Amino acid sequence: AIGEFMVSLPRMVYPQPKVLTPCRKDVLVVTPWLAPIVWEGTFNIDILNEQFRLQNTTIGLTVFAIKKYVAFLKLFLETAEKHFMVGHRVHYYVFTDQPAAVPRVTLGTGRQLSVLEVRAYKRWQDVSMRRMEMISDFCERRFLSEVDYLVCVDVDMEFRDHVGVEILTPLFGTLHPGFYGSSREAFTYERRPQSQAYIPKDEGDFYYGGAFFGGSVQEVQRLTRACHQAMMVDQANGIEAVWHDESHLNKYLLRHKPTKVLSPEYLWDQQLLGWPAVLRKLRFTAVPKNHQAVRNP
């Protein structure tokens, strides 16, 4: 549940925090609005696991596998079983136009998977964008009654290392791996004022990735509905934002600041970007794909 039951941590033995030693010297670990930026070295997972297990936390994970992207499910789910929220209650929600294509992946105790059938749009842009509507449609259907937090990710990915309760918070976004070191004017925000996703050149905190966001069910409902409604205004006006759902996500998180930000450890592409010294772990990574082949019949 969320809202903090009154509970007490047990005695624990762990290293004392070091007030006069920074946990990272190379990166920003807190935003200007006092949201943690989650990097390895910022958290003691044992403390966090205790806190969230005592609250009996259930995490939902949404993933869309539409048309040829069903091919990504087996590795996605296998690796989620190794690395995502292990020890906590997990409910996977696989949205697909092909239920019979969902692989039979063996789940650990306390973990379940539901298949949600949805329609397939022709254009990959529309498939990607309509995730906001579909996630918002399923808050009342399932999520409010089944999970405490939702984590909403791309399927063309694999887990390689721990992704756990350190991410959980009312609202989070993830630093896009292409832009974490970039100046805001280089961010690929929507720059046309005729779109609802428009962000001027002198605004913006971060460039968040569309492939990994989440929060409490309430906050995810708000985000997804807002982004969908904004998309529909754009469609009525004959404009499609340059990066689709990601552009609208960025507008939303500029205006509604996240309560945690995940570092690019949580959203990476090793083929394109290697393994920089600033990433102590590569947690959730792109699986190589040929856009043209996989997005079209």
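Residues carry their position along the shown sequence, with the first being 1. C-alpha atoms forming the largest set that superposes within 1.5 Å between two forms make up the rigid core.
Q: Consider 169-177 and 125-133 separately and indicate which one has Cα atoms farther, on average, from the shown form in 4 other deposited structures of this protein after rigid core alignment.
A: After the core superposition, the stretch with higher RMS deviation in 4 other deposited structures of this protein is 125-133.
Q: Kindly name the stretch, out of 100-108 and 116-124, whose CA atoms are displaced more from this form in 4 other deposited structures of this protein after the core superposition?
A: It is 116-124 whose C-alphas lie farther from the shown form in 4 other deposited structures of this protein.
Q: Can you let me know which of the two, 270-278 or 19-27, has the higher average C-alpha B-factor in the entry?
A: Stretch with the higher mean C-alpha B-factor: 19-27.
Q: With respect to the recorded C-alpha B factors, which stretch has the higher mean value, 235-243 or 248-256?
A: Comparing averages over the C-alpha atoms only gives 235-243.
Q: Between 177, 99, 210, 214, which one tops the list for Cα B-factor in this entry?
A: Max CA B-factor in the entry, restricted to 177, 99, 210, 214: 99.
Q: According to the Cα B-factor stored in this entry, which of the following is highest: 109, 106, 114, 136?
A: Answer, based on the entry's C-alpha B-factors: 136.
Q: Place residue 168 in the lowest, middle or highest third of its chain's C-alpha B-factors, as listed in the PDB entry.
A: Within its chain, residue 168 is a lowest-third residue by C-alpha B-factor, going by the deposited values.
Q: For the chain shown, is the CA B-factor of residue 219 in the lowest, middle or highest third of its modelled residues?
A: Its C-alpha B-factor, which the entry lists for residue 219, ranks in the lowest third among residues of this chain.
Q: When the modelled residues of the chain are sorted by Cα temperature factor, does residue 51 land in the lowest, middle or highest third?
A: As the PDB entry reports it, the C-alpha B-factor of residue 51 lands in the middle third of its chain.
Q: Which third, lowest, middle or highest, does the CA B-factor of residue 82 fall in along this chain?
A: It falls in the middle third of the chain.
Q: Using the B-factors in the PDB entry, rank residue 154's C-alpha atom against the chain and give the third, lowest, middle or highest.
A: It falls in the bottom third of the chain.
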